[PDB]
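First the structure, in the form of structure tokens, and then the observations on it.
Read-outs: derived from the displayed coordinates by stated rules, not from any lab. Note that each Cβ is placed from the backbone with ideal geometry, even for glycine, and that neighbours are counted across all protein chains shown.
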Ligand SMILES: Cc1cc(CCCCCCCOc2ccc(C3=NCCO3)cc2)on1
Ligand SMILES: Cc1cc(CCCCCCCOc2ccc(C3=NCCO3)cc2)on1
């Protein structure tokens, strides 16, 4: 959860709204096991 | 420099006190010569069950015994001996005409609690860790062997579960599948100890979600995800009606077994999978009954 | 902006205990990931058809 | 064997990090020769008050200085020098006719916060530990010395406080009492640092009871029992009217002083004892005022 | 690191690029909630936009700490302090800061 | 030097002059989690004395007809004391327990209680009597907390298992002619290094009258049973706000 | 390497890119109680990470007219987190604090806050204006807890003392053109090794605008001030039930 | 010593005072072809300075609606300079590149560009919308040369792949509040030691606005993006006449 600790402050002459970009990954102690097939995706009409 | 109570503070002792040791026991204990004993102060026979320990009285203390060199093996009583015996745990139907599984494919939720023989043996312990050998015996309901090709596919939880005989999931690009004819000997394969827990749990006294736990949800009590290994799917490979009614029997042989915390053996008939429910009106005695304690 | 992933460690973001991670990374190798038979072709040889 | 995080865990470090050291400073620091400095990168004069530290700029960096061997002593600025000066802290009346203290005896609650001069000095610090020399100057309201015998009696909290000039408590069998004539030089005595706390507390931001803390009880805010040393009782020794109107002035000289946590010096007139209350409508400036910042 | 579609709300096919970043703007109150999301990487949601989430789809189980770097793209002149919080299992979505 | 005993943890001391030794579950003293048995990387809390101490949770009345009661554990101590707090505030919990069940009478009363620890004590239902209905025990029955819960079919421990065999579990008996209390020390038992004190109950405590209580009329008829217990080596991690369930 | 900083305790990390160093009250890091400085003989609890961590307690709005606020300390953190619990459950409390007050604006705003720690911050009253009435500040004013309390006569710190001299106390300033946060580490200060977190407040935190906030119209007018703080070396003893006050 | 930088190849020098370090594609500096990695037996040309230098190929205008652009590489530099010549005259080409994308604004503007290198950047078509028609991108779209080409569906990089994951490629961002240029050094990447600069484009350069450009009105509205690049270790072989395509 992201909260405003204080507030987005800006002078006159600057955009009153801006954006944040999130970039994510795993740390060094990360590992995976027992591989299966991705569910997420599956196509539809047999590839032409 | 420190506060002392911090220096002794045994808080953080990772190793357990023990109190018992495992000794070699390849054979039954032998009996040694015993002679009469008429004395005061020493009472083997007398015990105090309240303590919670089994009587340690020896045969030699209760009667004059001879000497016997017991060389009877205890090998057949090991967990591996007791458990490494293939047993039926699953049955899948693939009929032609019916309401069960037409279309030509089925999805069996991998759960060994469906058959009484195997279930009771394992429910002897609370936790079990092991690898297994799954063997799949297929044929028609008459027990007839037919020239038909099948595809078994292990579908780990989170993987696309096939929705039809021609589901795209059968490409099995990463899942492990097996292709066998019913004319080939039953397919057998080796499975490891998969599970995020260190051992499978036959009994999980708790819930898995963290919610309100209302009436409707009491369905989740005792449901431990560390045991749901996913599903086992099977289909006749093709795009048309099977032509023969099939049945697949799944047998499991445990190996490289470790078990913990023994429990009382099942007492009443089983009713549902992963749920100790018993028939309230048909609560029968653990065993046989007589007419009087003074008569056989 | 630099184009590199954050090198921040767990230890720098919270007081951490000690954990001896012995989880294998073997199943994440290319061979593990790819050496799995999969369907790539299908050929029909019907009696009646086009 | 241990869990490591327990082995490092600096929890239980009784000694404080410090960061500063007390050095000898018998005299004022001397000034050393300074010469012109025309360079970049080095800016003594520039500071950042935000940090919360006082400017460390030296005279030598702001002007070309000569050499001066400062041998001015700093002895008179020690706590003992500053505080070991007898001062009035109590005044007790023993009139003949009146409503104050007739009967011939009085009970003064030992509290030095009753007089402005002494009070302000000590309220410079938050905590103070010390012994003291109490001197009692007695005479009539005219300042006349009279042939009268008095008895002073320290009454620790919990001891029977005298109810009359002839109270049984004056047997002073264990309390320390003093018998003096007003014709004898003022009585003086030595008192130790009595108190369950390690230091007397001029300001106690809290309550002493643990209750509801309603309106009526706001009288107890700032009341710290570790400071209530008991009462000082005085009587003219006898069983009949004094015959002379008396007054006793109590002077206290602190010695063997230790003080901690300096605070801002009192700003507004004092109003009540052990209570920083100030006059809301008469809030005056810390000091004098001018007409403009550009004129003296 | 790959872009985490925290703002996985828009779908207009014209506004798909909008998911790649969420806004933050001059608020008035105190402790206003900016955005929220599950830490679960193999679960449907924002993580699906990341290479990590994608590679997870290929494995049944995982283990390890995760990191999420947030880059502020406003003007050099804009200042501000945010509070990002990870709430371990069992803790329901915090109602306030 | 065996029928008398004194248990002291934190700021609590239990005393007894008619004990029957002490059982140590599966022969293992409660320990803290190994540095290689753990996974959660955050450094845990080990409140020590504020949580590892005796909590006397409840009293039951033993009657000539009593069926027996049980208490699920991790749970029982929530909401109570500083222990309860660390359990709600933290996701992960881990700990052993020293359970001291007490019940006394006179040399003229008689009866015997079975006091056992049954790990992963999953409860079942009568299945609607006929056994055709798939009913399930309510949150009130599976996790009663203090106050415990009374058994309805002790013979099968309300779970289709013979109580006659319950003794393969760390147990101890309270036979009035012999003693007046049971003491069992249980180590942390789970398939995970830590788990949630809220949705998981590592074990249950069973107190069942196997030999009914009896006495001639005129002797005090109120024979209570009190449960006192103390966590040992309590460890918590996964701090967040306080969660009840 | 001085205007940027990172504070990390427990599972909390504060960040800052416009700091002004760190002040260490009276030049002393918080320590635990000596074995010869103590009297209470019971072995204490030192929850560590579950209590020694950053709690972001509240936000105030700085306005061109703001007088200034204060928070009494020991108190402020009660009722909040595991710290609050150990404080209600135990009689005796002891701890230091890392106080991080934050407030930012743009290079076009201006103003200056005085952030100081005043030990034993006893509050006074206006004495009914005339100063003849012996009034006393209410439990609501002396111990406001979080939310703090606004000053009514900052010049005298509502206690008849010149704020002009408040700087003889561990302080730090928040000058917008220069920085955006204050960091002061305070050691345990009392005349006793332990005291009650409930009836005694070892010190108060003052945040007062000495140079008023100002800015041309059009620039974001909502300049908040947030108080974040973390107990250090928290120790508790004297366990009983939980007491609120 | 990291936000300022100077790149110098041949007779060209790029300067920058708001850089964000330099990325070296797949962590490898451009090298010449090994004597055992090669097959073409003719001795190659290595023009050196006449080709390995900075060519400032084009400028694009960043607008509040811009979708993003891309340039295929080997190609982009043909027809331009001595490099272009050796590429038309020779069959075989091989080389690495130093790509410096620049774009600046004021401390009052805001926005963020993703600058990445995507090897073998094959372009796709919308397939006639319905996706039933097997259309194919034209020579004008696949190999635009300088001037580059604008994306029509950046979300999928006009190739059915998530741009959200484009960062697994040597990339760098141009965040106006932070920097004003991207610098990526790319080594020769192909499955062959040499290939034709004409029909094969080893990689594509993507410049996409992920956080839209914005600014209050009155500030210069023309924010350009310029692409400058330099071949490194250029090697040519297979000499014949000059071929355009
Ligand atoms: C090839 C191939 C192999 C397979 C099947 C692999 C099955 C592996 C099964 C491992 C099962 O471990 C279990 C542990 C616990 C339980 C359980 N059921 C009720 C609660 O516990 C069931 C299975 O399919 N295709
Ligand atoms: C003989 C003999 C000696 C005496 C008097 C002994 C008095 C010893 C007094 C020590 C006082 O220490 C103090 C500390 C604090 C305060 C205080 N008043 C308001 C809160 O703090 C007053 C006195 O009487 N008879």
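If you filter the stretch B:118-150 down to residues that are within 14 Å of ligand 1 (Cβ to nearest atom) and loosely packed, with under 15 Cβ neighbours inside 10 Å, you find that the one that is nearest to the other protein chains (Cβ to nearest Cβ) is B:120.
In the stretch B:248-271, which residue that is surrounded by fewer than 20 Cβ atoms within 10 Å (Cβ to Cβ) and more than 15 Å from the chain's Cα centre (by Cα) is nearest to residue B:189 (Cα to Cα)? Among them, the one singled out is B:249. Inside the stretch C:3-17, residues that are assigned to a loop (DSSP other than H, G, I, E, B), surrounded by fewer than 17 Cβ atoms within 10 Å (Cβ to Cβ) and more than 14 Å from chain H (Cβ to nearest Cβ) make up a count of 2.
Taken over the stretch H:11-31, the criterion of being under 18 Å from residue H:94 (Cα atoms) and assigned to a strand (DSSP E or B) is satisfied by H:24 alone.
Every test in (1) at the interface with another protein chain (Cβ under 10 Å from one of its Cβ atoms); (2) surrounded by fewer than 23 Cβ atoms within 10 Å (Cβ to Cβ); (3) in a loop (DSSP other than H, G, I, E, B) is passed by residue G:165 save one, and that test is (3). Closer than 26 Å to residue D:78 by Cβ, within 14 Å of ligand 2 (Cβ to nearest atom) and within 14 Å of chain G (Cβ to nearest Cβ): is that true of residue D:272 in this structure? So residue D:272 fails the test.
Residues that are more than 19 Å from residue G:58 (Cβ to Cβ), within 8 Å of another protein chain (Cβ to nearest Cβ) and assigned to a strand (DSSP E or B) within the stretch G:83-111 comprise just one, G:90.
Applying the condition of being part of a loop (DSSP other than H, G, I, E, B) and within 14 Å of chain E (Cβ to nearest Cβ) to the stretch G:32-64 and asking which residue is surrounded by the most Cβ atoms within 10 Å (Cβ to Cβ) yields G:53.
For residue B:287, are the conditions met, namely being more than 30 Å from residue B:150 (Cα to Cα), buried (at least 20 other Cβ atoms within 10 Å of the Cβ) and within 14 Å of chain F (Cβ to nearest Cβ)? Taking the combined requirement at face value, the residue does not satisfy it. Quick check: anything in the stretch G:169-186 within 9 Å of chain D (Cβ to nearest Cβ), farther than 24 Å from residue G:214 by Cα and surrounded by fewer than 21 Cβ atoms within 10 Å (Cβ to Cβ)? Checked the stretch G:169-186: no residue is within 9 Å of chain D (Cβ to nearest Cβ), farther than 24 Å from residue G:214 by Cα and surrounded by fewer than 21 Cβ atoms within 10 Å (Cβ to Cβ). Would you confirm whether or not the stretch D:198-220 contains a residue that is away from chain G (no Cβ under 14 Å), in contact with a strand residue (DSSP E or B) (Cβ under 9 Å, 6 or more places away or on another chain) and either more than 16 Å from ligand 1 (Cβ to nearest atom) or part of a strand (DSSP E or B) (or both)? No: zero hits. Taking the stated definitions as given, is residue D:233 away from chain G (no Cβ under 14 Å), touching a residue at least 40 places away in the same chain (Cβ under 8 Å) and more than 13 Å from ligand 2 (Cβ to nearest atom)? The answer is no for residue D:233.
Of G:190, G:179, all but one fail to be out of contact with any helix residue (DSSP H, G or I) (no Cβ under 7 Å at 6 or more places or on another chain) and part of a loop (DSSP other than H, G, I, E, B); the exception is G:190.
Does residue D:101 satisfy the criteria of being more than 10 Å from ligand 2 (Cβ to nearest atom) and either assigned to a strand (DSSP E or B) or within 16 Å of the chain's Cα centre (by Cα) (or both)? Criteria not met by residue D:101. Do the conditions hold for residue D:278, that is, is it more than 8 Å from chain G (Cβ to nearest Cβ) and more than 16 Å from ligand 1 (Cβ to nearest atom)? For residue D:278, the condition - more than 8 Å from chain G (Cβ to nearest Cβ) and more than 16 Å from ligand 1 (Cβ to nearest atom) - is not met.
Checked against the criteria, residue B:114 counts as closer than 30 Å to residue B:268 by Cα and away from every other protein chain (no Cβ under 14 Å).
For the stretch B:165-192, the candidate set comprises residues that are more than 23 Å from residue E:57 (Cβ to Cβ) and part of a loop (DSSP other than H, G, I, E, B); within that set, the residue that is farthest from ligand 1 (Cβ to nearest atom) is B:183. Among all residues of the stretch D:80-91, there is at least one that is closer than 30 Å to residue D:244 by Cα and exposed (fewer than 14 other Cβ atoms within 10 Å of the Cβ). Scanning the stretch G:112-142 for residues being more than 7 Å from chain D (Cβ to nearest Cβ), touching a residue at least 24 places away in the same chain (Cβ under 8 Å) and under 14 Å from residue D:219 (Cα atoms) gives a total of 1. Checking each residue in the stretch D:16-54 for being within 30 Å of residue G:188 (Cβ to Cβ) and either in contact (Cβ under 8 Å) with a residue 60 or more places away in the chain or more than 29 Å from the chain's Cα centre (by Cα) (or both) picks out D:17, D:48, D:49, D:50, D:51.
For the stretch C:27-48, a residue qualifies if it is exposed (fewer than 10 other Cβ atoms within 10 Å of the Cβ) and either more than 12 Å from chain B (Cβ to nearest Cβ) or not in a loop (DSSP other than H, G, I, E, B) (or both), and the qualifying residues are C:30, C:31, C:43, C:45, C:47, C:48. With respect to residue B:115, determine if the residue is touching a residue at least 60 places away in the same chain (Cβ under 8 Å) and within 15 Å of ligand 1 (Cβ to nearest atom). Answer is no for this residue.
Report yes if residue B:54 is touching a helix residue (DSSP H, G or I) at 6+ places or on another chain (Cβ under 8 Å) and closer than 30 Å to residue F:20 by Cα, otherwise no. No. The residue that is farthest from the other protein chains (Cβ to nearest Cβ), counting only those in the stretch H:149-161 that are surrounded by 19 or more Cβ atoms within 10 Å (Cβ to Cβ) and assigned to a loop (DSSP other than H, G, I, E, B), is H:158.
The single condition from (1) in contact (Cβ under 8 Å) with a residue 24 or more places away in the chain; (2) in a strand (DSSP E or B); (3) more than 14 Å from chain D (Cβ to nearest Cβ) that residue G:8 fails is (1).
Here the stretch E:11-29 is the region considered, the condition is being in a loop (DSSP other than H, G, I, E, B), within 7 Å of another protein chain (Cβ to nearest Cβ) and without any contact (Cβ under 8 Å) to a residue 40 or more places away in the chain, and the residue that is surrounded by the fewest Cβ atoms within 10 Å (Cβ to Cβ) is E:28.
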